[PDB]
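Asker: model the following, please.
(one chain, ligands or ions: 1)
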Amino acid sequence: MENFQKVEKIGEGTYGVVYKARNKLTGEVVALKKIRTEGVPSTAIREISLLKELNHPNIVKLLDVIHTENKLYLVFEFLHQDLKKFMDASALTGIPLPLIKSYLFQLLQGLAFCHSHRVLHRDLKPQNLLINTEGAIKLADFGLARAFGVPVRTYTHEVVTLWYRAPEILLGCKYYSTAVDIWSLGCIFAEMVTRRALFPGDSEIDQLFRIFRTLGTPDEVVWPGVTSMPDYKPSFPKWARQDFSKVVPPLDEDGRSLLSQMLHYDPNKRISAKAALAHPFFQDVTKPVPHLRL
Ligand SMILES: NC(=O)c1cc([N+](=O)[O-])c(Cl)cc1NCc1ccc(Cl)nc1
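Answerer: Residues are numbered from 1 along each chain as shown. Take a look at the structure below.
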């Protein structure tokens with residue numbers, strides 16, 4: 001290439017291929033994401049460029065945005081593993097509660113920062129949470145979804161994961177709020193605890209109905225305005241709500257309480273990242289060292 005020497009292909013994200021690369025000059029190791037298609041919005045590059053200013057210990061640093069050859073390259077600080085792989089690796093024994101709590105606490109700090117700066121993630125999922133050997137966890141891809149509006153798919157035949165999508169997005173809301181990220185994080189929290197995806201839908205309607213089957217079909221009482229949402233249908237089946245005690249066993253009441261607040265149907269009732277940080281669940285939070293095999 002130029003100043004980068006490709007080390008390996010880390011995968012193919014929701015936008016393009018990703019390579020672990022080394023700056024032939026500085027020797028720094030980074031993750032290089034090649035963005036897919038022939039023009040590239042000048043509006044996007046401006047907004048993206050703004051994200052370079054988004055510095056927080058729990059947010060993967062966006063080192064550079066390179067628009068050349070009329071194609072886009074994003075250079076990110078590199079982390080060795082993502083939470084999806086770590087969760088799979090910890091499946092037999094489960095991630096210890098102190099580490100689950102540490103990660104959740106750090107992720108909420110990251111979200112509180114992004115949200116206070118009017119930046120939404122919009123597509124939080126285990127694969128987008130990166131971890132290192134020091135016990136840190138960081139949010140990857142903040143603000144990229146907005147600088148591109150609607151996601152749809154990756155770029156070339158790849159099944160988009162809907163498991164962490166907030167119900168307002170599924171019901172067609174056109175304006176996302178910071179609440180969508182809290183919902184996704186609540187789903188991730190539940191998954192670390194039970195070692196199974198909370199709402200593993202395989203279609204937009206299956207996703208919505210899995211949510212309804214567990215939290216109850218929403219109505220005007222718990223979610224004012226829900227029946228007027230774009231894709232709401234009076235024909236939706238009416239399921240009764242289940243008990244959290246059965247949803248995320250054996251999580252304690254502090255944890256169930258916080259999760260319930262992160263999973264409220266009304267985006268406006270859903271707890272903020274800042275408020276969640278003050279929840280009693282974090283009274284004894286610590287920063288454990290994970291057993292990471294690289
Ligand atoms: N910032 C990053 O470091 C990073 C970025 C992206 N991405 O989307 O631009 C992706 Cl996919 C993975 C990453 N690393 C985690 C990782 C995963 C697997 C291996 Cl072998 N090595 C590292």
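Asker: just the element for the residue most central in space within the chain, please.
Answerer: Nearest residue to the geometric centre of the chain (C-alpha atoms, centre = their mean): residue 124, 1.2 Å. Assigned by DSSP states H and E, residue 124 falls within no helix or strand.
Asker: pretty sure it contacts residue 139?
Answerer: Yes - if you go by C-beta atoms under 8 Å, residue 124 and residue 139 touch, sitting 7.2 Å apart. For every residue, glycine as well, the C-beta is placed using N, CA and C.
Asker: dihedrals phi and psi, residue 131?
Answerer: Taking degrees, to the nearest 10, you get phi -130, psi 160 for the backbone angles of residue 131.
Asker: apart from its neighbours in sequence, what residue is nearest it?
Answerer: Among residues not flanking residue 131 along the chain, residue 137 sits closest, at 4.9 Å (C-beta to C-beta, 6 or more residues apart in numbering).
Asker: same thing with residue 207?
Answerer: Closest residue to residue 207 apart from its sequence neighbours, by C-beta to C-beta, 6+ apart: residue 201 at 2.8 Å.
Asker: tally of neighbours for that neighbour?
Answerer: Counted with other C-beta atoms under 10 Å, residues neighbouring residue 201 total 18.
Asker: ditto for residue 2
Answerer: 9.
Asker: equivalent analysis for the one 3 residues further on, please.
Answerer: Residues near residue 5, counting by other C-beta under 10 Å, number 11.
Asker: tell me how far it lies from residue 107.
Answerer: 32 Å (C-beta to C-beta, to the nearest Å).
Asker: repeat for residue 174
Answerer: 26 Å.
Asker: ok, these two, which is more surrounded?
Answerer: Using other C-beta under 10 Å, the more surrounded residue of residue 174 and residue 107 is residue 107, with 24 against 8.
Asker: ok, the spatially closest residue to residue 194 that is not a sequence neighbour - contacts?
Answerer: Excluding the flanking residues, the one nearest residue 194 by C-beta to C-beta, 6+ apart is residue 248, at 5.6 Å. Residues near residue 248 by C-beta atoms under 8 Å, 6 or more residues apart in numbering: 190, 193-194, 198, 255-256, 259.
Asker: go on, residue 37?
Answerer: Shown in contact with residue 37 (C-beta under 8 Å, 6+ apart): residue 155.
Asker: what about it, which SS state?
Answerer: Put simply, residue 37 is coil when judged by DSSP: H, G, I helix; E, B strand; the rest coil.
Asker: tell me the phi and psi of whatever residue of the chain ends up closest to the ligand?
Answerer: Residue nearest to the ligand within the chain: residue 31 (3.4 Å; C-beta to the nearest ligand atom). Backbone torsions of residue 31, given as degrees, to the nearest 10, read phi -110, psi 130.
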